[PDB]
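All Cβ positions, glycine included, derive from the backbone under ideal geometry; neighbour counts span all protein chains shown. FYI, it's all coordinate maths here, none of it is from the lab.
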Amino acid sequence: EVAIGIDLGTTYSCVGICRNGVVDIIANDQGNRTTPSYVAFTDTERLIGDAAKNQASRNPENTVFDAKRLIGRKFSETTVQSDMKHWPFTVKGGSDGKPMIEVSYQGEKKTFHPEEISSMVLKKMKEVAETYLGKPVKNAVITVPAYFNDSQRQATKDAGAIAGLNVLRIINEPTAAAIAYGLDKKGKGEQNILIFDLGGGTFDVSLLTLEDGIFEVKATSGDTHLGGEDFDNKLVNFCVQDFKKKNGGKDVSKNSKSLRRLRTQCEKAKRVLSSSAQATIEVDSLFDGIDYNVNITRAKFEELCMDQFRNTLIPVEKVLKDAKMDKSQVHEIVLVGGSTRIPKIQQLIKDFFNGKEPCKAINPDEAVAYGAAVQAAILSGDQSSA
Ligand SMILES: Nc1ncnc2c1ncn2[C@@H]1O[C@H](COP(=O)(O)OP(N)(=O)O)[C@@H](O)[C@H]1O
Ligand SMILES: [Cl-]
Ligand SMILES: [Cl-]
Ligand SMILES: [Cl-]
């Protein structure tokens, strides 16, 4: 009877519950309101979430992430050929054409389908909700990108069933974000909603229309390889070159462990730069026992990412063109995804929409789970959010 909403994200997942008209986003064991979509296998144990992401640089080969890029795809798809360059783990094609993720677990070679890896993330999110409620949870609404095809959606549903969840429904991520803000029950008249979703690995822009509680996805666009990880890479590339100028041409990029440790600190400094004017990137004994330290101003970060930030407007213009509508016709702009916390991105979107304030009251990396939790409560017969 208890139903949860789960945002099964590319890089982070989130679980919410809507009870008595109110939505609680549930913190995991480490107090984190989102959980990495990571699964790691060691000589002794299977780690999921924070523990898996935390040891990724020490166990790259057996730490799986990005299973959402493989779920419901045939291994031969060109997107798999292209994406696999970014994965330290091995992916091979099975006789059925499905991807098989290969890891070592307790000294043995193991293979998993993408939906098996995703089922472990879903099981962790289910357990996070169960620990909070103190009761077992069986029903869930799980979200997927609006462009996900039938195979990708069915494999996501199968991942839910493997995790022990009764999937009440698979719904679109942009629609879940709009439902979170009560835009389906506000005004009644026709509303054009733009969802601007910039996460860790992907960028999705969706233009929705809503007449009388009915959402329709009119147009979608974006870039499946533009996200926060790309802004971290701009900081990494700068630091690699800065280390060269400081230490007689020494190249950190030759050591993959040095790059991973540098990337971890680049991502931390980036987050700091969303609320501070400066941040320090520091890695003790980075390469050749040399300590690395640099100060990055928000202005320098904005400069390194200038083109990537500005180019987020290209898919915005594309959805408006496809839907045959002017930017002045957009009633609400909803910011979704952890990267929408970057002040420069918020300013670019606001200026594009002629000073219109975007809807960002809900923590952007929680809005999809928040909407899914609302839909899960409605599908369970609870009309309290209405
Ligand atoms: N305060 C912040 N400033 C800039 N970026 C931030 C941030 N808080 C989170 N992020 C970024 O959000 C991205 C994760 O986005 P999120 O919406 O949680 O994940 P996902 N699975 O939908 O891709 C990461 O690249 C992370 O660095
Ligand atoms: Cl419920
Ligand atoms: Cl409780
Ligand atoms: Cl929809």
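For region 337-386, the alpha-carbon radius of gyration amounts to 1.51 times the rule-of-thumb value 2.2 N^0.38 Å expected for a compact globular protein.
Candidates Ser276, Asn311, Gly5 compared by Cα position along the dipole of the chain: farthest toward the positive end lies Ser276, with charges placed on Cβ.
Report, in deg cm²/dmol and to the nearest 500, the calculated mean residue ellipticity at 222 nm for the chain, where each DSSP H run with n ≥ 4 adds -39500 (n - 2.57) and the sum is divided by the residue count. Counting only the DSSP helices, I get -10500 deg cm²/dmol. Over region 203-242, the reciprocal of the mean inverse Cα-Cα separation, the Kirkwood hydrodynamic radius, stands at 12.8 Å. Normalised by 2.2 N^0.38 Å, where N is the number of residues, the alpha-carbon radius of gyration of region 148-279 equals 1.49. Over 32 Å apart at the Cα level, from the set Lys85/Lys244; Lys92/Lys318; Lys68/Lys344, are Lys92/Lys318.
What the Cα atoms of the chain give is an Rg and a Dmax of 21.1, 67 Å. The tail of the calculated P(r) for region 44-133 beyond 19 Å holds 42 percent of all Cα-Cα pairs.
Contact order for the chain, expressed relative to its length and based on alpha carbon pairs under 8 Å spaced 6+ residues apart, stands at 21 percent. Only the Cβ atoms of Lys and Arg (+1) and of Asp and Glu (-1) were treated as charged; on that basis the dipole of the chain about its Cα centre amounts to roughly 580 debye. Shape annotation for region 1-62: C-alpha extents along the principal axes are 44, 20, 19 Å, from largest to smallest.
When all alpha-carbon pairs of region 235-289 are counted, what percent fall beyond 14 Å?
Details: 770 of 1485 pairs.
Distances greater than 14 Å cover 52 percent of the Cα pairs.
Normalised size of region 92-143, defined as Cα radius of gyration per 2.2 N^0.38 Å with N residues, equals 1.50. Derived value for region 1-159: Kirkwood hydrodynamic radius 16.2 Å. Basis is the mean of 1/r over every pair of different alpha-carbon atoms. Amide hydrogen proximity for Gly9: with H placed 1.01 Å from N in the peptide plane, the residues at 5 or more positions away or on another chain lying under 5 Å are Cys14.
The phi torsions of region 202-209, fed into the Karplus equation with coefficients 6.51, -1.76 and 1.60 and a -60° offset, translate into couplings of 10, 10, 10, 10, 9, 9, 10, 10 Hz, rounded to whole numbers, with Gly and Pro shown as x. With θ taken as phi - 60° and the Karplus curve 6.51 cos²θ - 1.76 cosθ + 1.60 applied, the whole-hertz 3J(HN,Hα) list for region 172-185 is 6, 4, x, 5, 4, 5, 5, 4, 3, 7, x, 6, 6, 10 Hz, x standing for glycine and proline.
First check a/c for region 75-231, with a ≥ b ≥ c the square roots of the eigenvalues of its C-alpha gyration tensor; if it is under 1.5, answer rounded, and if not, answer prolate when a/b is larger than b/c or oblate otherwise. In terms of gyration-tensor shape, oblate.
Here the simple spin-label model places points 7 Å from the Cα toward Cβ, and for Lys244 and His86 these points are separated by 2.4 nm. With the gyration tensor restricted to C-alpha atoms of region 285-354, the semi-axes of the equivalent ellipsoid amount to 36, 12, 11 Å, longest first.
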